[PDB]
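Below, each chain spelled out in residue letters.
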Amino acid sequence: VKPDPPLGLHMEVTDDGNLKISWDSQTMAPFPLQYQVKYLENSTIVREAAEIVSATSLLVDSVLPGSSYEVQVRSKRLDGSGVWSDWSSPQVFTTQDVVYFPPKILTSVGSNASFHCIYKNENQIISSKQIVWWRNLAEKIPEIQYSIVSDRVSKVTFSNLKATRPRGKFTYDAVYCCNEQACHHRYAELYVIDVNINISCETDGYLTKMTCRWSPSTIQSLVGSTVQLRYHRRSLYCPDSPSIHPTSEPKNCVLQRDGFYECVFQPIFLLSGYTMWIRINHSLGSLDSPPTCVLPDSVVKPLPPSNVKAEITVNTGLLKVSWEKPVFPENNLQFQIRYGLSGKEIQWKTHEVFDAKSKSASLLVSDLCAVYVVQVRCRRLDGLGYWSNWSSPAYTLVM
Amino acid sequence: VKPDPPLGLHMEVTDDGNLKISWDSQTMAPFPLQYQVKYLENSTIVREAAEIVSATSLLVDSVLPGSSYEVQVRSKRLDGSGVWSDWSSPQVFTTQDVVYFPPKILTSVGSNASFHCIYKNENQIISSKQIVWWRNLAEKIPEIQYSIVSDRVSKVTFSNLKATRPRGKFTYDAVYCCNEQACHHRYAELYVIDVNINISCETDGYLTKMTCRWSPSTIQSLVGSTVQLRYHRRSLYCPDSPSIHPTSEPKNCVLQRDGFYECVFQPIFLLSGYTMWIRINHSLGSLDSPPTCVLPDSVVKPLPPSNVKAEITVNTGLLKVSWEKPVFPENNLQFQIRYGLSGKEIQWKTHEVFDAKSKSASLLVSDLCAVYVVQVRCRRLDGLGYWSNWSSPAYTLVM
Amino acid sequence: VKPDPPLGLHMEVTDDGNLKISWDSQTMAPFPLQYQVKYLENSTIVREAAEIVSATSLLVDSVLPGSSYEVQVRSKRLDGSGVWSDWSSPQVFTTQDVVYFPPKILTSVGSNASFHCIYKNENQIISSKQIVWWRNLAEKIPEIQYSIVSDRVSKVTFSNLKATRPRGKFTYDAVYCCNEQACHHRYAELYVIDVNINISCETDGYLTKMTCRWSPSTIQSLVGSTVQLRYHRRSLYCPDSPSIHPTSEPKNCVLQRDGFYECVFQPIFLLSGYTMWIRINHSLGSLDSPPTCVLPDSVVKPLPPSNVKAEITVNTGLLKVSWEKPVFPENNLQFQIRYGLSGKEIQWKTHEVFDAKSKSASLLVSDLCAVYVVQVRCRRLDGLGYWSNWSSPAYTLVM
Amino acid sequence: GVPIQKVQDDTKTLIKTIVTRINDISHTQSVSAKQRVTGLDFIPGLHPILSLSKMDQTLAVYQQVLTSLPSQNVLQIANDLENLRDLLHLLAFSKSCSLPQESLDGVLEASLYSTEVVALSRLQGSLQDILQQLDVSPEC
Amino acid sequence: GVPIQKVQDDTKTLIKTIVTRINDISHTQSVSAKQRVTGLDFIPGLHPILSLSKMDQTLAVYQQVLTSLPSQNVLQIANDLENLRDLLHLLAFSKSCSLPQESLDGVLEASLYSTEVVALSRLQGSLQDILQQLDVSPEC
Amino acid sequence: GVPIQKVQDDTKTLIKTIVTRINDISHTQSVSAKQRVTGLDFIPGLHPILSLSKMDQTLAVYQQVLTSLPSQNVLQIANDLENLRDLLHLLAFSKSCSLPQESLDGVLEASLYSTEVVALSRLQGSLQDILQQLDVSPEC
Ligand code: NI
Ligand code: NI
Ligand code: NI
């Protein structure tokens, strides 16, 4: 077989500043391929090299600023009397006068971030003791933060990063690396976002769905990038310390009129642990919020107590209040009764019942001949949950 | 000519429980064809039959449960020395363990409906005296409703049917016929709908269009089936007893947000009888509501009286109210005047005028120096129609 | 060369009443063609004519009413011993019993318009002393407006035309020319539209765009014809008397919910003269509204004064109000201050400041211990512009 | 079974209805109904309308003309003419007698305004005459 | 780390919860759970369920049947069954013992109502039995 | 007809307007106009603009640069600059004198923020100088 030439030859600069050459493997080849890449770097010195690799990529050390790379690749069957393919079309990549390592950093508030730079001045890499860092062409960074990585590479280190204040449509700090007094036009983009977003979930009273709400007030400013929620469910319970699981699935959340996004998970797995977070898909990478793990059983909002009745006991004059516990939850509950004189403005007094088996209470009342209004709400005795809504008002009969 | 074999040989079970064999007639034959069908019923007894038919279908009496039908058809020119076609490819049709006669019944509230069934139990037809009927596997139907059609066919008879109460998405009653204690999974579907829908029509004040409204609150539950309004117009007037005319036409009507459907006929035929009803075209058949006949001339809503004036007669202090009768109808009208003291809350008093020639009324008023508000509405003197809207308010001048 | 016969033979009546015969020149002929037209006028007199023309059209004087024209054309190469083409297919044009000159007039309110007509009565052109003009078959036009162009041509002249009142879908006046008492059904359509449309433009507070508004309440009645805004921009300033420039460009305008059209110019040329008008492109021609020229610099609405502060001066008890003039314009401005007691209803008093350099005023106040509300607005001192909006309210502190 | 007095009253009420509708067509009210206008001679204008068969064919021609006029109001007017003609047909059945059953398009395109105004004012005249003589014992 | 008594209590609470859910299905409460219905003989009805491997395979088959029923309620009950199976796996892990792991379509298509009513009332009976025997020292 | 003093005042008003606009661009005000920045050497920065024809070709270059910036404000500045060019042409007509009329894309793409801030602060400086010398008898 004569295989075809490799296709899709691309060249990118790594965060370390190396040239990564990549190409598509022939998905139809039922055998491993070896490649030979020939490249010519036309810099101030022309260098031609030809390397043999078994991977579908080559790493070339240290991109030279102001150089041109011309690249061709051919393939051969690794095992056997393989014939070489013809060479690919030559692809040209033109490097630039300043090089940043990395060219952009996307981080969150409170982190530490550091940039490296190389400044080419008339085809000559200047000494690091000359490189000076500047912020947004506005202020010189104190030399205390500078670091001489080597005689030619400079480094700036920022600590306890504060949120970037947006100037107009600019939501990033332009960090320049300059040759003493004279700066160049090429700059590095720095994005610091407040990723400390809180996601709150609530399971309905019927235990059939869970609605989670979150505000994108942090990110209703960055455009071009997308923001979506990812989650991972663990078979049983929540870990002691939540973590970002490598295997996750996205969840479609819907923006509400109040500016919050609402995403409903249905069906739910009641004793299953739901770990959710917001993933920030930027052109430069991804950002993850601190993960939270919620157990639906612990965020249940029970229905109010039903069949609430209030009667004034004959001869005794006690307000006998009676009720029926809600269908759910089955766990022992505590109840709270509010009662007051029926009027335009009801001065509510409350009585708390902490024994789950109590379906009635007897209260002292000041006016045996007034209509009292009474409502009742409930909560899990252990406090692991929310309070129910108040029951529908029950009225006493005047006797 | 030697015609081709018939194509498209299909086999269905008729509502009577017969096997209907059908095939496509050759659309290219410029002459009538006769067919010969050969079929082999492989039951507990093998039967081979060969029938000659001029129709494109054959009915085989009483599908036997647990039998296999193999069918071939050939054609010949009916008139002349026709050669027979070769036989069609054999088609196989497999019958089922229970048979219902009919398998489904769609009827309305208050009717009488009866089902017949055949139960095969391990290749043995049980005695009809053993079949017992049940509803939704919940309750045994009283034996009073059972009828022994024959030693092997059972019958259940329902009288004065009540509307089927929907349980979840189930809008039908599952009627089961069981061999003593042991029931089978297969059941019959019984749909009883309250087809007593009322359609109300109203002709506009210009007598140029008629709007008819109807609520599908009965049928906003059955999906899959279609519901449409059908009508037929009679040259003049309504019959003494409306009937469903065999020739009718549909009118496309559009559902409004109020949940009612509104359909407008425009132009109208004032003296033509418009017979309308709702047709429920279900997969199992068609249902028609009790037809109603409306004469648009008798459902006219006149425009309100115009040029309404109210003046206090000098020295006498009477409220002279005056108006102009509406353009339509030409028939003698009766009027109703409401009048009250001009305030935030108008205590309306009403006066009825039953003489058609009255274009004014005189009213006693308690405060000669207050502003009175007056409105007038009209109706046909004979009562054959609706009341008009109230006129635009007329104010007295303080004199 | 023997050329082909001419194609595309068409016949139209000019607004002057001549028969224009036209044909397509052969786009493939690399040489000029001469044509010979033969036509036969079957009137009360048969006329045969044959004319030689170098143009691709012929004008025949005065179309005769109730005549039939049959026309053929042939071509020949102009220079040399050219052979004639064969004759074209004969084309027939059938004239009508009355002829109007012109058949329709589209004019604006206040103009003068006159129609001419020829009436053939039993193949005879009648005398001018009998023709009488009528409007919409309703009323005879006073003979004072009649004019006898000749013994056979009548003329009606209307002066100071009033807008045509639309009767139903009819937006034109039917002008009839009748032979004494007897009128005929054919009429002339006279459309008088109120083209006096006002276009108002306003430049935004940021001096980045200009929005122009206009109401099409005049033209929300004529359908079939199109209406669009046309404009022309002059390098600097507006002329003393605006004119309709022969070179213009259309502007895409969007109809708003209030029924007005909005045309947005963005970016703007502050010192460039924008001449705009509305063009009504009707099937019968084009109509242009009186052009207006607006200079955006002269229609600027400044922003309100900023940083408005109000303090009660200790010991002195003066209301010291202070402000910052809006960014634009830099030209000397005048200011107006309104101040009042903070309440549900603010009795505003106003003070006018006519010196541009005043950034503060001191006001006498009656109650030193109340909260005053203060707002400020500004305008160009020269009056060449609008007043700004009132500033955001400033409240005094009780000290 | 069929009460003839109710039907006669319905005929008068329907006539008054058609007449008021045509009176509402403002441009036609100011146009002389009896004035003859050349080109529309096929339109059955003022010409003693004295028998059931001529009335039937007259309303039929007027209907045929109105079907081609593109106004919604005229469509409704044509529907009223259909109900009225059928009522006169039932009246002829009441009195016992049999009733049997071109250039208009050109004028509809060339002179729609004229065709409409004339057809309507001549219709108005025909109905006023028929009404004024639907009580002097109409005969087949 | 894992409180076995807590897990046992969560198991009882989940059983009673699923039973209340199935109790809310009105048409199933009136159906005899122990009544045999021909066609659904593959469904594991009343037959002493006394061991972890039989309990597990029973809940697995019931889950496989429920996965095919297009009801939202059946989806939640099957999801609760997933939580229930994980709790039974954790209890078997607590006591130390290994647990290993067709015709439904025909009855689902021909008789969906029967499959649903029977599967649910028989499931309710199986769960009521498991509840009555989740305290008499369950064994693998 | 054309008031020359008025034209001088309108020129001053338009210059001050462009300077105030660039003053409203917060990111450009903090950038040293006279500071040399490598890459934008083609931009007509601080270099004695001492003649009407040199001012015209400089503002023409500034217009050509502004046409390529995808900012609405820069578009408006270019339109105002067009009116300014027309005003200087009318002033040269007033004084009697004739006036005639590459690497930018690469820097616009690779470094828009720096290129923009520099182009604008140099434009602001050029206008401030022209303003400071539009009264010391400007000459063609
Ligand atoms: Ni895990
Ligand atoms: Ni009939
Ligand atoms: Ni000009």
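Residues numbered from 1 in each chain as written, not as in the entry; some residues may be left out. Chains lettered and ligands numbered in written order. Heavy atoms only, no water.

Regarding how it was determined, this PDB entry cites cryo-EM in its header, along with a resolution of 4.42 Å.

Per the PDB entry, chain D is named Leptin, and its organism is Mus musculus. The record lists its title as "Cryo-EM structure for a 3:3 complex between mouse leptin and the mouse LEP-R ectodomain (local refinement)". Per UniProt, chain D carries the Subcellular location text "Secreted". Under the Sequence similarities heading, UniProt states for chain D: "Belongs to the leptin family." (UniProt positions renumbered as here; feature names shortened; annotations may be inferred.)

With the PDB entry as reference, chain A is termed Leptin receptor, source organism Mus musculus.

Our focus in this paragraph is the interface of chain E and chain A. Listed as interface residues are 16 residues of chain E and, on the opposing side, 16 residues of chain A. When chain E packs against chain A, the two sides together hide about 1,400 Å² of surface, and 59% of this comes from carbon and sulfur. When residues of chain E are sorted by the area they lose upon contact with chain A, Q76, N79 and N83 of chain E head the list and together hold 32% of the total. Our count for the chain E to chain A interface comes out at 0 salt bridges. Counting across the interface, chain E meets chain A through 9 residue pairs in polar contact. Within the residue set of the side of chain E that touches chain A, elements represented by two or more residues are α1 (4-23) and α4 (72-95) of chain E. (Contact = heavy atoms within 4.5 Å. Buried area = accessible area lost by both parts, 1.4 Å probe. Salt bridge = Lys/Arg side-chain N within 4 Å of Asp/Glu carboxyl O. Polar contact = N/O pair within 3.5 Å; in protein donor to acceptor, adjacent residues only side chain to side chain. Helix = DSSP H or I, 4+ residues; strand = E, 2+ residues; numbered from the N terminus.)

Looking now at the pattern of salt bridges. All names here are of chain C. Following the criterion strictly, the structure yields 45 salt bridges over all chains and no others. For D97, the salt bridge is made with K120, and the minimal N-O distance between the two is 3.3 Å. Taken as a pair, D97 in the loop between β7 (91-94) and β8 (98-101) and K120 in the loop between β10 (113-119) and β11 (131-135) lie far apart in primary sequence, 23 residues in all. Among the residues examined, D97 registers a relative accessible area of 38% and is labelled partly exposed. (Buried < 20%, exposed > 50% of the residue type's maximum accessible area, 1.4 Å probe, protein only.)

Turning our eyes to something else, we now look at the sheet that holds strand β29 (residues 333-341) of chain C. All names here are of chain C. Within the open sheet, the 4 strands sit side by side as β30-β29-β32-β33. Their pairing is antiparallel. The open sheet is flanked by β30 (349-353) and β33 (394-395), the only strands paired with a single partner. Looking at chain direction, β29 and strand β32 (residues 372-380) are connected through 9 bridges and run antiparallel. Counterpart to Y339 in the pairing with β32 is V374. (Pairing = 2+ DSSP bridges.)

Another aspect to go through is the domain arrangement of chain A. All names here are of chain A. Taken as a whole, chain A is organised into domain 1 (7-94), domain 2 (98-193), domain 3 (199-299) and domain 4 (306-395). Buried surface at the junction of domain 1 and domain 2, summed over both partners, amounts to about 560 Å²; 78% is from carbon and sulfur atoms. Of all residues in domain 1, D15, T44 and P65 give up the largest surface area on contact with domain 2, accounting jointly for 66% of the area buried on that side. Scanning the region where domain 1 abuts domain 2 turns up 0 salt bridges. Inspection of the region where domain 1 meets domain 2 yields 0 residue pairs in polar contact. A per-class count over the side of domain 1 that touches domain 2 returns 2 nonpolar, 3 polar and 2 charged. (Domains from an automatic or database assignment. Nonpolar A, V, L, I, M, F, W, Y, C, P; charged D, E, K, R; others polar.)

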